[PDB]
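Comments concern the structure below.
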Amino acid sequence: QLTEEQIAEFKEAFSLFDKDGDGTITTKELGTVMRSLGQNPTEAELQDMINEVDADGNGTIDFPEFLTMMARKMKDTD
Amino acid sequence: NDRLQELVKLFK
(Lines give C-alpha, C1' and ligand atoms only; values in the text may rest on other atoms or scores of the structure.)
Protein backbone atom coordinates (compact mmCIF):
# COMPACT_ATOMS: atom_id res chain seq x y z
CA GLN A 1 0.00 0.00 0.00
CA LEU A 2 1.30 3.44 -0.96
CA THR A 3 1.65 5.12 2.41
CA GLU A 4 2.61 8.75 3.06
CA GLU A 5 5.99 7.66 4.43
CA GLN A 6 6.63 5.57 1.32
CA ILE A 7 6.07 8.64 -0.85
CA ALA A 8 8.85 10.34 1.09
CA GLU A 9 11.06 7.26 0.80
CA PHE A 10 10.67 7.47 -2.98
CA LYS A 11 11.59 11.15 -2.86
CA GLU A 12 14.93 10.25 -1.27
CA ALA A 13 15.68 7.98 -4.23
CA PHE A 14 14.52 10.61 -6.72
CA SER A 15 16.72 13.34 -5.24
CA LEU A 16 19.62 10.88 -5.46
CA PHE A 17 19.49 11.27 -9.23
CA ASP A 18 18.04 14.77 -9.45
CA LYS A 19 21.13 16.60 -8.18
CA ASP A 20 20.28 20.24 -8.91
CA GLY A 21 16.71 19.64 -7.82
CA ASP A 22 14.93 20.52 -11.03
CA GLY A 23 12.43 17.73 -10.58
CA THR A 24 13.31 15.94 -13.79
CA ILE A 25 16.07 13.38 -14.28
CA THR A 26 17.92 13.74 -17.56
CA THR A 27 20.60 11.57 -19.15
CA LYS A 28 23.27 13.73 -17.50
CA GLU A 29 22.01 13.00 -13.98
CA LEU A 30 21.51 9.33 -14.84
CA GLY A 31 24.99 8.98 -16.35
CA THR A 32 26.59 10.61 -13.32
CA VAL A 33 24.86 8.29 -10.84
CA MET A 34 25.35 5.24 -13.07
CA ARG A 35 29.11 5.77 -12.99
CA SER A 36 29.09 5.87 -9.18
CA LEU A 37 27.10 2.63 -9.25
CA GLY A 38 30.09 1.00 -10.90
CA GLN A 39 28.62 0.97 -14.39
CA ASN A 40 29.30 2.94 -17.56
CA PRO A 41 26.35 2.98 -19.99
CA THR A 42 26.69 4.79 -23.30
CA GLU A 43 24.52 7.71 -24.46
CA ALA A 44 22.26 5.35 -26.38
CA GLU A 45 21.93 3.08 -23.35
CA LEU A 46 21.08 5.99 -21.06
CA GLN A 47 18.45 7.42 -23.42
CA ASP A 48 16.94 3.95 -23.94
CA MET A 49 16.63 3.49 -20.17
CA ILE A 50 14.85 6.84 -19.92
CA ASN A 51 12.39 5.80 -22.64
CA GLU A 52 11.58 2.73 -20.52
CA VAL A 53 10.06 4.85 -17.75
CA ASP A 54 9.00 7.84 -19.85
CA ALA A 55 5.49 6.96 -20.99
CA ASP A 56 4.99 10.48 -22.33
CA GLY A 57 7.84 10.63 -24.80
CA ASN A 58 9.46 13.85 -23.68
CA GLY A 59 12.88 12.37 -22.99
CA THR A 60 12.81 13.06 -19.26
CA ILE A 61 11.43 11.40 -16.13
CA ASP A 62 9.55 13.35 -13.46
CA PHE A 63 8.44 12.43 -9.93
CA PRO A 64 4.83 11.43 -10.94
CA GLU A 65 5.88 8.91 -13.61
CA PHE A 66 8.76 7.80 -11.38
CA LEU A 67 6.21 6.81 -8.75
CA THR A 68 4.25 4.83 -11.34
CA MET A 69 7.30 2.67 -12.12
CA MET A 70 8.14 2.11 -8.45
CA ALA A 71 4.55 1.27 -7.49
CA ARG A 72 4.27 -1.08 -10.47
CA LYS A 73 7.11 -3.18 -9.05
CA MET A 74 6.22 -2.73 -5.38
CA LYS A 75 2.65 -3.96 -5.88
CA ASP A 76 4.15 -7.35 -6.68
CA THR A 77 5.10 -9.33 -3.60
CA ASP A 78 5.66 -12.53 -5.61
CA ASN B 1 21.40 3.64 3.28
CA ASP B 2 20.54 0.04 2.42
CA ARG B 3 17.00 0.94 1.34
CA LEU B 4 18.38 3.46 -1.15
CA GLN B 5 20.54 0.74 -2.69
CA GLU B 6 17.50 -1.49 -3.07
CA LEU B 7 15.41 1.30 -4.59
CA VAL B 8 18.26 1.95 -7.01
CA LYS B 9 18.07 -1.66 -8.25
CA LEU B 10 14.39 -1.17 -9.04
CA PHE B 11 15.42 1.78 -11.21
CA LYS B 12 17.60 -0.48 -13.35
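Ligands are numbered from 1 in the order shown, residues from 1 within each chain, and chains are lettered A, B, ... in the order they appear in the C-alpha coordinates.
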
Which neighbours of residue A:33 fall inside 12 Å, counting only C-alpha atoms, when residues of the same chain fewer than 5 positions from it are skipped, and could you give them as a ChimeraX atom specification? /A:13-19,25-28,38-41,46 /B:5,8,11-12

Using only C-alpha atoms and a distance of at most 10 Å, pull out the residues of chain A that contact chain B, as a PyMOL selection string. chain A and resi 9-10+12-14+16-17+33-34+37+49+52-53+66+69-70+73-74

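Relative to atom CA of residue A:3, atom CA of residue A:59 is found at 28.7 Å.
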
Two-atom distance - atom CA of residue A:21, atom CA of residue A:75 (Å): 27.5 Å

Atom CA of residue A:61 to atom CA of residue A:7: how many Å, to one decimal? 16.4 Å

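Every residue of chain A found in strand (DSSP E or B) when DSSP is run on the backbone appears here: residues 24, 25, 61 and 62 of chain A.
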
Keeping only N, CA and C atoms, take the residues you just selected and write them out as a CSV table (one decimal), in the first residue's frame.
chain,number,residue,atom,x,y,z
A,24,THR,N,13.3,16.8,-12.6
A,24,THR,CA,13.3,15.9,-13.8
A,24,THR,C,14.7,15.4,-14.0
A,25,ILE,N,14.8,14.0,-14.1
A,25,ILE,CA,16.1,13.4,-14.3
A,25,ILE,C,16.4,13.2,-15.8
A,61,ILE,N,12.3,12.0,-17.1
A,61,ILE,CA,11.4,11.4,-16.1
A,61,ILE,C,11.2,12.3,-15.0
A,62,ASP,N,9.9,12.5,-14.6
A,62,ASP,CA,9.6,13.4,-13.5
A,62,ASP,C,9.1,12.5,-12.3
